[PDB]
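Just one chain is shown here, as structure tokens, and it is the form deposited in one PDB entry.
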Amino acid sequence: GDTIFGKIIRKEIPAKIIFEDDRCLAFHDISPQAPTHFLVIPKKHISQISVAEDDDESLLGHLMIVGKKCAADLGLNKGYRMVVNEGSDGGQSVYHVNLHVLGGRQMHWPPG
């Protein structure tokens, strides 16, 4: 089923977009948990990482490379944390694969 991230990709509702290409979108999280907190999502609707296919490998890696480049562009030179949540225990809030990138503060351990 469609999600709010689908609406964002289709530009039906606003988001603060950081980067776009033909296969992904990066935008600031509406509920930021760090001074910088954005998401990188594929345009392909993969509901969750547990159902990602083998053929999706380089696309998932693309999310991480885009995330790393956006983090550098946003000035996160002291570092950052990347997170993917799966399901209930993972605290996944939207069933559209999304890579969190958080920084601008010390991230702590355990990671939730």
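Throughout, we count residues from 1 along the sequence that is shown.
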Compare the mean C-alpha B-factor of 61-69 with that of 47-55 as given in the PDB entry, and name the stretch with the higher value.
47-55
Per the PDB entry, mean CA B-factor is higher for 74-82 or 24-32, namely for 74-82
Candidate set 97, 17, 13, 101 [ranked by C-alpha B-factor, highest]:
13
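One more form of this protein, deposited with a small molecule bound, exists but is not displayed; see below.
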Does any part of residue 28 reach within 4.5 Å of the small molecule in the deposited bound form? Heavy atoms only, please.
yes
Looking at the partner-bound form in the deposited bound form, is residue 63 within 4.5 Å of the small molecule by any heavy atom?
no
Any of the heavy atoms of residue 39 lying within 4.5 Å of the small molecule in the deposited bound form?
yes
